[PDB]
Amino acid sequence: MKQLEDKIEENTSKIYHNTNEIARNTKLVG
Amino acid sequence: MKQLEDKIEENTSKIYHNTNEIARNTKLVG
Amino acid sequence: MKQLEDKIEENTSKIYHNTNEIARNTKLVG
């Protein structure tokens, strides 16, 4: 369970940062 | 298993939406 | 464990590719 939870959280964090950078680019292309 | 599967699916959904927004921005920057 | 690990890795790969495309768009909007 716990190492798998660690891997999922690493992906959750990568997704978080990507979502912010996508939003930044969305604003610039507007 | 099942709560972990729930978390993975939440990430799969976030990735799905991000992929669509990235494609949108890709088209605009072309 | 193993099928769940497979699903996590599929997400890790999708995130990898999205990160590269986001970087590409970031450079173009600069």
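Across identical copies of the chain, residue B:13 has label-point separations of 2.4, 2.4 nm, listed in ascending order, with the point defined 7 angstrom from Cα along Cα→Cβ.
Placing dummy labels 7 Å off each Cα toward the beta-carbon, the span from residue A:23 to residue C:27 is 2.6 nm. Using the Karplus relation 6.51 cos²θ - 1.76 cosθ + 1.60 with θ = phi - 60°, the per-residue 3J(HN,Hα) values for segment A:14-20 come to 4, 4, 3, 5, 4, 4, 5 Hz, with x marking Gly and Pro. Per-residue shielding of C:1-13, expressed as the average number of other chain Cβ atoms within 10 Å of the residue Cβ, stands at 4. Position residue C:30: other-copy label points at 2.3, 2.3 nm, ordered by increasing distance, label point 7 Å along Cα→C-beta.
Keeping to pairs on different chains or 8 or more places apart, tell me how many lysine pairs in the protein assembly as shown have Cα atoms under 15 Å apart. Step by step, the pairs that qualify in the protein assembly as shown add up to 18.
All of the numbers you see were taken from the coordinates with simple rules; none came from a lab. Counting neighbours? That spans all protein chains shown, and the Cβs are built from the backbone with ideal geometry, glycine included.
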